[PDB]
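> Just passing along the structure, written as structure tokens.
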Amino acid sequence: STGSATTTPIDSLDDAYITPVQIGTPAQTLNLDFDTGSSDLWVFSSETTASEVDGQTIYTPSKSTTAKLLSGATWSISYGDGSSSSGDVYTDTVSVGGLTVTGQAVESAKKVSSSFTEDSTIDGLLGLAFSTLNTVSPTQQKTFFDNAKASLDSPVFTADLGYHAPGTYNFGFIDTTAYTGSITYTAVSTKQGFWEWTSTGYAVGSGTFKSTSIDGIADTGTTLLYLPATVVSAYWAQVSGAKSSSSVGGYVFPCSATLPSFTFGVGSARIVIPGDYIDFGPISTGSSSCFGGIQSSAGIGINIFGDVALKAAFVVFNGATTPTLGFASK
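For the sequence shown, mature numbering (1 follows the signal peptide of the UniProt record, and there is no 0) gives the first residue as 70, with consecutive numbering after it.
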């Protein structure tokens with residue numbers, strides 16, 4: 070089997086991407102944030118505290134003929150941005166882009182933090198990291214990908230995120246029309262439950278490539294590119310008037326600037342992030358200070374190849390017995 074679903078930016082900055090997901094019988098379609106940095110499929114629901122729901126579409130298990138309470142199971146998750154959610158668990162039928170899993174754990178939120186409530190466009194998350202990170206207790210649950218894997222034509226999914234445009238998540242096949250050149254594969258460590266890999270270095274604009282190992286995760290659920298402070302300083306030093314602002318919480322730059330590109334290495338291959346991808350617009354409405362898309366990972370404890378980096382590539386998440394990542398230009 071295979072599946073193919075379009076993923077759509079939630080706003081004009083590509084702050085996140087939403088993908089429609091069918092849950093239950095008859096189908097209830099929710100728009101979920103597919104997150105390769107976590108392993109829980111959780112949704113706004115009929116159980117979510119009413120004051121914490123503000124425009125999201127909810128899953129109502131009582132209206133699904135295939136929903137079953139997973140008796141005694143609870144979940145609770147905290148993300149890198151300080152957000153959180155928790156609740157109880159149902160199993161149900163879940164379909165993505167025509168690919169169906171029966172008996173998927175659907176984590177129903179009883180509580181969500183303010184950042185979730187305030188984002189009316191995201192109805193929940195669909196985790197695509199390794200199932201060792203799943204938070205369900207006392208019986209840990211499998212991701213949608215892990216449950217689908219054995220049925221798929223090939224044990225893979227691909228992320229093809231757009232810049233200010235829709236893109237695609239495919240399951241079970243690699244669309245050879247969706248990228249240019251060849252795919253370069255690179256090793257993955259699953260020791261922290263992430264799609265963790267080592268980039269071979271970077272360049273700023275037209276500058277020379279610096280060969281240096283940068284360990285980090287491929288994380289579709291993180292907006293920005295978070296790298297070591299040395300790398301990030303080298304980037305922003307090429308932008309007149311850019312500075313790190315402790316008041317704003319990262320590097321800002323004059324909105325009048327033209328930003329340089331940023332290249333990262335994948336083995337001997339190179340992915341180029343155009344400068345425009347690094348502009349996250351005014352820090353507050355009407356400001357002439359703009360927020361940068363490349364930020365320091367210092368204090369986060371891991372480097373994160375988030376959407377700024379991934380949207381410049383066609384990315385293969387290869388879930389074979391020994392997982393690997395693939396990157397191609399597009």
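No residue lacks a Cβ here, since even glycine has one placed at the ideal position from N, Cα and C.
1) Please go through the same chain and pick out, in chain order, the residues whose beta-carbon is closer than 7 Å to the beta-carbon of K218, but skip the five residues on each side of it.
2) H233 to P343, Cα distance in whole Å?
3) Quick one: using the 10 Å Cβ neighbour count with 16 as the cut-off for buried, is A256 buried or exposed?
4) Under 8 Å between the Cβ atoms of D376 and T289?
5) Please report the straight-line C-alpha distance between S220 and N239, rounded to a whole angstrom.
6) Cα separation between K260 and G276?
7) Can you tell me whether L168 is buried or exposed? The criterion is at least 16 other CB atoms within 10 Å of its CB, across all chains shown.
8) So the candidates are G106, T201, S315; which of them puts its Cα closest to the Cα of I352?
9) Provide the residue span of the beta strand (DSSP E) that contains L168, from first to last.
10) Tell me the start and end of each unbroken beta strand (DSSP E) in the stretch 266-291 that is at least 3 residues and wholly inside, in chain order.
11) Starting from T299, trace the alpha helix (DSSP H) in both directions and tell me its first and last residue.
12) Where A178 and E116 are concerned, what is the direct C-alpha to C-alpha distance, given to the nearest angstrom?
13) Can you say whether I369 is buried or exposed, counting buried as having 16 or more other CB atoms within 10 angstroms of its CB?
14) Can you list, in chain order, the stretches of the beta strand (DSSP E) that have 3 or more residues and sit fully within the stretch 80-152?
15) Does DSSP put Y232 in a helix, a strand or coil?
16) Mapping DSSP to helix, strand and coil, what is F213?
17) I need the DSSP call for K218, collapsed to helix, strand or coil.
18) Counting along the chain, where does the beta strand (DSSP E) carrying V321 start and finish?
19) Less than 7 Å between the CB of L195 and some heavy atom of the ligand MG, yes or no?
20) Assuming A85 contacts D102 (C-beta within less than 8 Å), just tell me the rounded distance between them.
21) At a cut of 8 Å, does the stretch 316-325 reach the stretch 384-398 through at least three beta carbon pairs?
22) Less than 8 Å between the C-beta atoms of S155 and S145, yes or no?
So, from the listed chains and residues:
1) Once the five neighbours on either side are set aside, the close Cβ partners of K218 are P224, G388.
2) Just so you know, the alpha carbons of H233 and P343 end up roughly 13 Å apart.
3) Around the beta carbon of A256, a 10 Å sphere encloses fewer than 16 other beta carbons of the protein chains shown; the residue is thus reported as exposed.
4) Yes, the pair counts as a contact, with Cβ atoms nearer than the cut-off.
5) Each residue's Cα considered, the two are about 14 Å apart.
6) CA-CA distance, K260 to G276, rounds to 34 Å.
7) Under this definition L168 is a buried residue.
8) Distance from the Cα of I352 is smallest, within the candidate group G106, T201, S315, for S315.
9) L168 -> beta strand (DSSP E) spans 168-181.
10) Within the stretch 266-291, the runs of beta strand (DSSP E) at least 3 residues long that lie entirely inside it are, in chain order, 279-287.
11) In this chain, the alpha helix (DSSP H) harbouring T299 covers 298-305.
12) Those two C-alpha atoms are separated by around 7 Å.
13) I369 sits exposed, since fewer than 16 C-beta atoms from the chains shown fall within 10 Å of its C-beta.
14) Correct list: 86-92, 97-104, 110-112, 137-147.
15) In the structure shown, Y232 adopts coil according to DSSP, grouped into three states.
16) DSSP places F213 within a helical segment (H, G or I) once states are collapsed to three.
17) In the structure shown, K218 sits in a helix (DSSP, three-state: H, G or I).
18) First-last of the beta strand (DSSP E) with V321: 319-323.
19) Absence of the ligand MG from the depicted structure is noted, as is the absence of any ligand whatsoever, leaving it without description.
20) With 8 Å as the limit, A85 and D102 qualify as a contact, their Cβ atoms being about 5 Å apart.
21) Cβ pair count under 8 Å is below three, so no.
22) In this structure, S155 sits near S145, with a CB-CB distance shorter than 8 Å.
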